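> Quick one: structure below, then a few questions.
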Ligand SMILES: CCNc1cc(C(=O)N[C@@H](Cc2ccccc2)[C@H](O)CNCc2cccc(C(F)(F)F)c2)cc(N2CCCC2=O)c1
């Protein structure tokens with residue numbers, strides 16, 4: 062009953078239905094493995110269809126404390142409290158959880174996104190104001206019998237809480253360690269484009285850190301890695317020349333509807349650290365994943381795309397365009413992240429996204445930046 066419980070607009074995140082307060086107030090909530098605060102619009106906003114009305118909830122308790130969260134994109138401020146929360150198409154349990162009532166925001170809410178709040182599924186260490194603010198999922202596990210694990214299939233999509241749904245993937249699940257419980261931090265040991273190694277010290281791939289983040293759209297890479305990746309993708313696709321603005325992820329590239337030259341763009345392989353010494357596996361991404369379609373009736377004689385790999389100064393972010401087409405298991409109990417090929421990945425008659433291994437490495441260097 063939990064399958065297909067996610068919806069979204071491409072590039073604007075995936076959300077699940079929740080209710081807050083007594084009696085229940087229904088809100089759509091973006092599912093974000095890249096942060097740790099549960100926050101909802103709680104005052105009118107031009108982009109909000111509805112908002113949390115605390116005065117209508119008898120179970121709301123005010124914590125008398127402000128809170129501010131600045132993301133990579135957007136920021137909000139609000140007031141902390143607790144209230145009862147349920148997930149109509151998730152586990153059938155109700156829990157009292159911390160809630161940030163958003164009273165002011167900047168470039169956070171998105172016009173036409175259909176969500177009104179955000180659910181930070183990461184660990185308390187990155188919660189604001191500090192790590193004493195118990196995140197939602199921790200409250201859920203403490204207060205119910207739900208196993209300490211959830212999984213995401215981003216396609232619509234599914235968030236499965238408490239277990240793994242085999243109907244949602246094919247082949248084997250491969251696991252990489254959660255290096256530290258704050259973000260869902262992982263370690264990338266190798267990157268290949270078109271099968272060719274980028275040939276960098278593997279610590280470069282994880283400077284400052286590397287995270288798995290359903291709340292970010294792009295694959296974001298450290299400057300040095302990004303520039304190397306772009307050079308290699310340009311080389312592979314050199315039969316066509318695009319404006320610099322495209323590689324900067326600023327402007328679109330368009331082709332006559334139906335004629336996107338997928339075959340001229342390379343596959344990208346990210347090798348993740350395995351659970352055993354010097355073993356790894358790879359996840360492979362097709363251009364259908366990293367060239368993000370931009371819907372616009374005005375340009376609809378064409379198919380137009382943005383380049384959804386972009387530069388970061390805060391480490392690697394494996395965002396939605398990496399997670400789409402994979403079934404991703406956040407196995408908190410065993411401190412590991414699993415990847416498998418999703419039942420709903422996008423590909424063609426020539427190439428298919430994959431999760432595969434094992435791969436061994438002779439060089440024993442720790443790829444963690446520290
Ligand atoms: C889905 C919308 N598209 C996005 C969203 C975000 C982004 O910053 N997402 C946030 C939250 C968010 C979710 C939805 C809307 C707005 C914010 C996520 O928590 C960051 N994790 C990491 C993080 C970073 C900083 C602070 C935190 C903290 F923990 F919350 F404090 C977390 C970056 C994008 N970018 C930017 C350029 C490339 C790209 O794809 C595109």
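Residue numbers (the authors' numbering): 62 to 216, 232 to 446.
Backbone N, C-alpha and C fix where the C-beta goes; we use that ideal spot for every residue, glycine too.
1. What did DSSP end up calling residue 73 once you bin it into helix, strand or coil?
2. Residue 446: beta carbon under 7 Å from a heavy atom of ligand 1?
3. Just how far apart, CA to CA, sit residue 417 and residue 365?
4. Please classify residue 63 as buried or exposed, where buried requires at least 16 other C-beta atoms within 10 Å of its C-beta.
5. For the alpha helix (DSSP H) containing residue 396, list its first residue and its last residue.
6. Do residue 134 and ligand 1 come close, with the Cβ less than 7 Å from some heavy atom?
7. Taking 8 Å as the cut-off, decide whether the C-beta atoms of residue 65 and residue 232 are in contact.
8. Give a yes or no on whether the C-beta atoms belonging to residue 100 and residue 77 are separated by under 8 Å.
9. How is the alpha helix (DSSP H) around residue 309 delimited, first residue to last?
10. Just list the alpha helix (DSSP H) runs in the segment 309-340, keeping only unbroken ones of 4 residues or longer that don't cross its boundaries, in chain order.
11. Whole angstroms are fine: how far does the CA of residue 70 sit from the CA of residue 404?
12. Just list the residues that DSSP pairs residue 368 with in beta bridges.
13. Between residue 367 and ligand 1, is there a pair consisting of the residue's CB and a ligand heavy atom that are separated by less than 7 Å?
14. May I ask you to check if the CB of residue 294 is nearer than 7 Å to at least one heavy atom of ligand 1?
15. From residue 350 to residue 412, what does the alpha carbon distance come to, in whole angstroms?
16. List in chain order: all unbroken beta strand (DSSP E) runs of 3+ residues lying wholly within the segment 72-108.
17. Following a CB-centred definition, is residue 91 positioned closer than 7 Å to any heavy atom of ligand 1?
18. Take the Cβ of residue 421 as the centre, count every other Cβ of all protein chains shown within 10 Å, and call the residue buried at 16 or more, exposed below.
19. Between residue 288 and residue 394, is the Cβ-Cβ spacing less than 8 Å?
20. Specify whether the segment 106-113 and the segment 258-275 touch according to this definition: at least 3 beta carbon pairs, one from each stretch, less than 8 Å apart.
21. Just to confirm my understanding: we take residue 170, look at its own chain, exclude 5 residues before and 5 after, and list those with CB closer than 7 Å. What are they?
22. If distances are taken between C-alpha atoms only, which option among 410, 376 and 297 comes closest to residue 389?
23. Could you spell out the range, first to last residue, of the alpha helix (DSSP H) harbouring residue 202?
24. Hey, would you say residue 172 sits closer than 8 Å to residue 299, going by beta carbons?
25. Have a look at residue 67 and residue 234 and give me their C-alpha separation to the nearest angstrom.
Walking through what the data contain:
1. coil
2. no
3. 13 Å
4. buried
5. 396-399
6. yes
7. yes
8. no
9. 299-312
10. 320-323
11. 20 Å
12. 382
13. no
14. yes
15. 10 Å
16. 75-81, 86-93 and 99-102
17. yes
18. buried
19. yes
20. no
21. 102, 106, 108 and 109
22. 297
23. 197-204
24. no
25. 5 Å
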